[PDB]
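Residue numbers (the working numbering): 378 to 1145.
The beta carbon of each residue, even a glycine, is placed where N, CA and C say it ideally should be.
First comes the structure, then the notes that go with it.
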């Protein structure tokens, strides 16, 4: 009975008969709107309405955005809102909307949820042992869980609570972690130490009011010095933290050193405000500093993460009173039986097909399958699906590295390519650029790369360039990698791939051989250079030249899908047709930061398709889109317009049906799924990961797939992937099923489980 899987969905009781929703308004200042700016207006405004008037102000509508008030407001000031900036008139079309939490699935299921959500964390914000970093964030203890030299580990739980699959509403929970340094920033921290920190985030322990904020400006006054005025008499912020302090106000908040730093930041509603440096505690960004003995702490075995969540539910959310003081969370999670998805069968080269076996208990048969994807890809009887010779290549090397270990590395690297893709016959020209001549920063490195390209020294179409790493942290993003791709593709005719000098320059030493210096490999600490050469041959060369190793024999529900991602004013569109036999990626620049226009979406896709349409050997009649993040209604506009138009021409059946979906890799309402194993000694309550194809549908618009799961996880607990329906006619169970199939095309690392579907995974590697 392994199929029996428990969730972190706790049923909710006490809302049977709790209709509490009652009104409606309408927007009028939108006369100049952006199709993307208009939606930053509302949000800044519902916050001021929810946070000033401190009752539930909820706003989640279609087309022209609308707001729910309570009839209980004293004086709303409807036409008197942002008379400061734009003057929206809040037209009261208020029809009493009285929502019940058992109704059939309605469009104001969106509102029934943002209301439940505002009021269910009032008993959590008023607790005292519990602090919330910001609006709608997990709820963390004031007390840390581990001490952990220099820096405190705080545990917590995220509670969001959307629809239930056996009717009604319920609770969703995930544990969480957060790393904060032990000892406040301090009142003998000077001006230069304080600047060195603008735009980190700190935990500001105010009084009993603990929250999080990002630095903006080391202020112009110290803690004691008079800066703002309550009576025009400047008063010192020590004075201000007293005025706003409460009865038994703690010691720290009324005995600050006046000779200490003061920081600035902007409220959740965009107000300027200060905070003493004493009382501010910096959050370790442990992906910023590669603290991999600080990541070996955030990974939580399954039976823990269950026990942490169950413990939090029983201890904090039980007696729970807001007006209607009912609504007790039922403190036994949701469980179902379900059928888990088998892996798809796949097509390797010379028509040999891998299909999972259905005699072996699911487990032993999938480790078989997932290892086959590698052994088959390498085996020369079968091997790559697409076998053919490579068109001309070019490996482009820093001249500092052509003279030191270039040749050894290039020799091994070409060797590695031919033992992986023998049919290609790899043989790349070896060009160089003069990495020491001009500058050594991103400009200059670029001037040398461009100067070489100018000369026409790069014959051939496809290139692989080796570059240098300029700055640390993963949030930096290599502006140089991206920019070499941009210029090389756009001004010259090139499809470019990128590796970096640092990583192989670890795997080569100089030994002295036969009266000459010579470079040979090394395998000590550092990088595993045999594995690195293998993986970079596959990713940068075989995939870089669009030679797919294995491609999904049997068809998906969609006939075409399309990833989309915009981050840092760059948009990325992928496209997967046939079984994976047809794949494109295209890049184009986005006027909005992360948002994309609607004329641009309609165009990029009508041009990226129609190139490939003759190869698609069907009438094409079920298209899907996957969006990385929020799918803004600008985008969804052109999405149907694109395919409606192709429904006229004849490129499609006339009855096409497009569908938009949002893949939440950072899921707004997270969840875990477990299942069980006779409690062994080791494991008191016998909690393992759910088996790899496990899936769960809550609503018609929300479900989770295990793209990562039991047989092939290496350690930790599996993170179900939250997808959310956004438009269009496709069964969400079908969408989850072939998002799982698209996540079994594990191209960059075959024997491993990949969490994202191939569509949006390429969106993420394509912008590094």
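query: Should residue 972 be labelled buried (16 or more other beta-carbon atoms within 10 Å of its own) or exposed?
result: Here residue 972 refers to the residue found at position 595 of the chain shown. By the 10 Å Cβ count, residue 972 comes out buried.
- request: Sort out for me which residues DSSP pairs residue 701 with in a bridge.
  value: Taking the chain shown and counting its residues from 1, the one referred to as residue 701 is at position 324. In the DSSP output, where bridge partners are listed per residue, residue 701 has 699.
query: Around the C-beta of residue 802, are 16 or more other C-beta atoms found within 10 angstroms, so that it is buried, or is it exposed?
result: Counting from one through the chain shown, the residue named residue 802 turns up at place 425. The residue in question, residue 802, is exposed, as its Cβ has fewer than 16 Cβ neighbours within 10 Å.
message: Which runs of the beta strand (DSSP E) at least 3 residues long sit entirely within the region 986 to 1073? Give them in chain order.
response: 1002 to 1005, 1037 to 1041 and 1050 to 1053
- request: Tell me where the beta strand (DSSP E) around residue 951 begins and ends.
  value: By 1-based counting over the chain shown, the position of residue 951 is 574. Note, residue 951: beta strand (DSSP E), 947 to 954.
- prompt: What's the gap between the Cα of residue 1051 and the Cα of residue 1040?
  reply: Here residue 1051 corresponds to residue number 674 of the chain shown, with the count starting at 1. Here residue 1040 corresponds to residue number 663 of the chain shown, with the count starting at 1. Distance between the alpha carbons of residue 1051 and residue 1040 is about 22 Å.
query: Is residue 801 helix, strand or coil by DSSP?
result: Position 424 of the chain shown, counting from 1, holds the residue named residue 801. Correct three-state label for residue 801: helix.
- request: Closer than 7 Å by C-beta to residue 521: which residues in its own chain qualify, once you throw out the five before and the five after it? Chain order, please.
  value: The residue labelled residue 521 in the question sits at position 144 within the chain shown. Cβ within range, chain order: 529, 530 and 531.
message: What does the Cβ neighbour count give for residue 418, buried or exposed, with the cut at 16 atoms within 10 Å?
response: Working through the chain shown from its first residue, we reach residue 418 at position 41. So residue 418 counts as buried.
message: If I measure Cβ to Cβ from residue 465 and keep anything under 7 Å in the same chain, skipping five residues before and after, which residues do I get?
response: In the chain shown, counting from the first residue as 1, residue 465 sits at position 88. The answer, listed in chain order, is 404, 405, 406, 458 and 459.
message: On a Cα-Cα basis, can you pick out the residue from 675, 546, 486 and 641 that is closest to residue 552?
response: Numbered from its first residue, the chain shown carries residue 552 at position 175. Of 675, 546, 486 and 641, the residue nearest in Cα terms is 675.
- request: Within its chain, find whatever has a CB closer than 8 Å to the CB of residue 765; leave out the 5 residues flanking it on each side and keep chain order.
  value: Mapped onto the chain shown, residue 765 falls at position 388. Result list for residue 765: 800, 801 and 924, in chain order.
field: residue 887 to residue 527 span [Cα, whole Å]
entry: The residue given as residue 887 occupies position 510 in the chain shown. The residue given as residue 527 occupies position 150 in the chain shown. Each residue's alpha carbon lies about 40 Å from the other.
- prompt: In the DSSP assignment, what residue or residues form a beta bridge with residue 381?
  reply: As a working mapping, residue 381 is identified with position 4 in the chain shown. Per DSSP, 714.
query: In or out: residue 813 buried (at least 16 other Cβ within 10 Å) or exposed?
result: Within the chain shown, residue 813 is the residue found at index 436, counting from 1. Its Cβ having fewer than 16 others within 10 Å, residue 813 is exposed.
field: Helix, strand or coil at residue 728 [DSSP, three-state]
entry: Taking the first residue of the chain shown as position 1, residue 728 is located at position 351. It is coil, neither helix nor strand.
task: In the DSSP assignment, find the unbroken alpha helix (DSSP H) run with residue 619 in it and report its ends.
output: Your numbering for residue 619 matches position 242 in the chain shown. It spans 615 to 620 - the alpha helix (DSSP H) in which residue 619 sits, taken as one unbroken run.
Straight-line gap, residue 748 to residue 1004 (C-alpha atoms, nearest Å): Numbered from 1 along the chain shown, position 371 holds the residue referred to as residue 748. Numbered from 1 along the chain shown, position 627 holds the residue referred to as residue 1004. One C-alpha to the other measures close to 30 Å.
task: Can you give me the start and stop residues for the alpha helix (DSSP H) that residue 533 sits inside?
output: For the purposes of this step, residue 533 is taken as residue 156 along the chain shown, with counting starting at 1. From DSSP, residue 533 is part of no alpha helix (DSSP H) but of the beta strand (DSSP E) over 528 to 536.
- prompt: Can you tell me the Cα-Cα spacing of residue 1049 and residue 605, whole angstroms?
  reply: Sequence index remark: in the chain shown, residue 1049 carries index 672 (1-based). Sequence index remark: in the chain shown, residue 605 carries index 228 (1-based). Spanning the two alpha carbons is a distance of roughly 48 Å.
task: Within its chain, find whatever has a CB closer than 8 Å to the CB of residue 911; leave out the 5 residues flanking it on each side and keep chain order.
output: Counted from its first residue, the chain shown places residue 911 at position 534. Here the set comprises 793 and 797.
Runs of beta strand (DSSP E) wholly within the region 528 to 602 (minimum 3 residues, chain order): 528 to 536, 547 to 558, 578 to 582 and 587 to 591
field: Candidates 591, 928, 963 and 768, of which the one nearest residue 729 by Cα
entry: In the chain shown, residue 729 corresponds to position 352, counting from 1. Nearest C-alpha to residue 729: 928.
field: Rounded separation between residue 862 and residue 826 - CA only
entry: For the purposes of this step, residue 862 is taken as residue 485 along the chain shown, with counting starting at 1. For the purposes of this step, residue 826 is taken as residue 449 along the chain shown, with counting starting at 1. Spanning the two alpha carbons is a distance of roughly 11 Å.
- request: Buried or exposed for residue 470, please, with buried defined as at least 16 other CB atoms from any protein chain shown within 10 angstroms of its CB.
  value: The residue labelled residue 470 in the question sits at position 93 within the chain shown. When all chains shown are included, residue 470 counts as exposed.
Identity of the residues DSSP links to residue 918 by a beta bridge: For the purposes of this step, residue 918 is taken as residue 541 along the chain shown, with counting starting at 1. In DSSP, residue 918 forms no bridge with anything.
message: Check whether chain D comes within 8 Å of residue 1054, counting only Cβ atoms and requiring the distance to be less than that.
response: Included in the structure is just one protein chain, with no chain D present.
- request: Please look up how many angstroms separate the CB atoms of residue 909 and residue 899, rounded, as I've assumed it's under 8 Å.
  value: Numbered from its first residue, the chain shown carries residue 909 at position 532. Numbered from its first residue, the chain shown carries residue 899 at position 522. Going by Cβ atoms, the distance from residue 909 to residue 899 rounds to 12 Å, so no, they are not a contact pair.
field: Endpoints, the alpha helix (DSSP H) within which residue 752 is located
entry: On the chain shown, residue 752 is found 375 positions in, with the first residue counted as 1. Note, residue 752: alpha helix (DSSP H), 741 to 755.
task: Kindly indicate which three-state DSSP category residue 963 falls into: helix, strand or coil?
output: If you number the chain shown from 1, residue 963 lands on position 586. Residue 963: strand per DSSP, three-state reduction.
- prompt: Helix, strand or coil: which one does DSSP assign to residue 886?
  reply: As a working note, residue 886 is residue 509 in the chain shown. Strand.
query: Excluding five sequence neighbours on each side, which residues of the same chain lie with their C-beta closer than 6 Å to the C-beta of residue 1153?
result: Outside the modelled stretch of the chain, which goes from 378 to 1145, sits residue 1153, for which no answer is possible.
- request: Specify, as a first and last residue, the run of the alpha helix (DSSP H) that residue 686 falls within.
  value: In the chain shown, residue 686 corresponds to position 309, counting from 1. Residues 679 to 693.
task: Identify every residue that forms a DSSP beta bridge with residue 322.
output: As shown, the chain starts at 378 and ends at 1145. That puts residue 322 outside it, with no answer to give.
field: Rounded distance between the beta-carbons of residue 710 and residue 387, thought under 8 Å
entry: By 1-based counting over the chain shown, the position of residue 387 is 10. By 1-based counting over the chain shown, the position of residue 710 is 333. Their Cβ separation, rounded to whole angstroms, is 6 Å, which keeps residue 387 and residue 710 in contact under 8 Å.
- prompt: Can you tell me whether DSSP reads residue 857 as helix, strand or coil?
  reply: Residue numbering aside, residue 857 sits at position 480 when the chain shown is read from its first letter. Residue 857: helix per DSSP, three-state reduction.
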